[PDB]
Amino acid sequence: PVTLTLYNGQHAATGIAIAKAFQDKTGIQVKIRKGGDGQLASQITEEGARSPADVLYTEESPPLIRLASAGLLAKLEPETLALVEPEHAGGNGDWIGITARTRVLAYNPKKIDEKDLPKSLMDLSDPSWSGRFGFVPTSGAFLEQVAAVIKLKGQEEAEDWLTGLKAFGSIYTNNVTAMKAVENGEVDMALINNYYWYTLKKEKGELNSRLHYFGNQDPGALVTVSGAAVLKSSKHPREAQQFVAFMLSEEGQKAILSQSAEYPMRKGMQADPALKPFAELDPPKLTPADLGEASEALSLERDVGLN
């Protein structure tokens, strides 16, 4: 008669797949509340001591850093923490990375040749790209992207960059509609996460659009980490710890990968063969702890009037 409540900030099918796999292994039923990362973190905070959430699962790490800093997350069992590299878990061991995703530049080669793509994320503030690219200012990974630019280039250059994006980029409500606009030639390129293209490639088969990886430790080659945590207020602490530990088992990782083209955080495990290998992403040397709560980036987005 035990039901775990999962607050799922990850994409809906991914949360459903891991809940199904967990129930199959253990017989424990999982009830899912799906929302946005920050929305669920805010809801947990306001629900206080009587929150029903047992586990929180997010697409990005700033919400988990926020909640860990606020004192709401339970410490994870040391055997769970040993399943990932230390940079992929919270500094106090109260949240853990589950998969990693990466920033990409999706483009339509009928509208722009690969040879003519911007060399760097930083080039998109230049007037020559006016009208030619989309971005998603309300996206959690875009927040992290702004945080990365601040860390790598400084606040002054990051503000000049984001001003250029406001002047010259086209705003999309989410990564899915931005990807669709590229696929349909409504915009030449867009800044999104990598897994959206693989979802399209499965639904549709033969795509117009292609992915460009900035590589070269460019700010635009940022890798971000989707993570999980047990809530201190959980009435099922053993089962909640079992759930997070199961997410990082080979079976849980495969369950999550069956719905999202992301990189496993379980050490020693490879991704789907269709993915560009993690070793070749050449991402900037930024961890979740470096981006933190992304407070400077939210302050900048608010300053510029984008989110």
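Throughout, we count residues from 1 along the sequence that is shown.
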property: Stretch with the higher entry mean CA B-factor, where the candidates are 37-45 and 237-245; result: 37-45
property: Mean temperature factor over C-alpha atoms, higher-scoring stretch between 197-205 and 81-89; result: 197-205
property: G215, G185, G164, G140, ranked by C-alpha B-factor: the highest one; result: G185
property: Among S128, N175, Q145, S226 - the residue whose C-alpha B-factor is largest in the record; result: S128
property: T3 CA temperature factor, ranked by third within the chain; result: highest
property: Record-listed C-alpha B factor of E60: chain third; result: lowest
property: Assigned third (lowest, middle, highest) for the C-alpha B factor of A19; result: lowest
property: Third of the chain, ranked by Cα B-factor, where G220 sits; result: lowest
property: For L286, the third of its chain into which the C-alpha B factor falls; result: highest
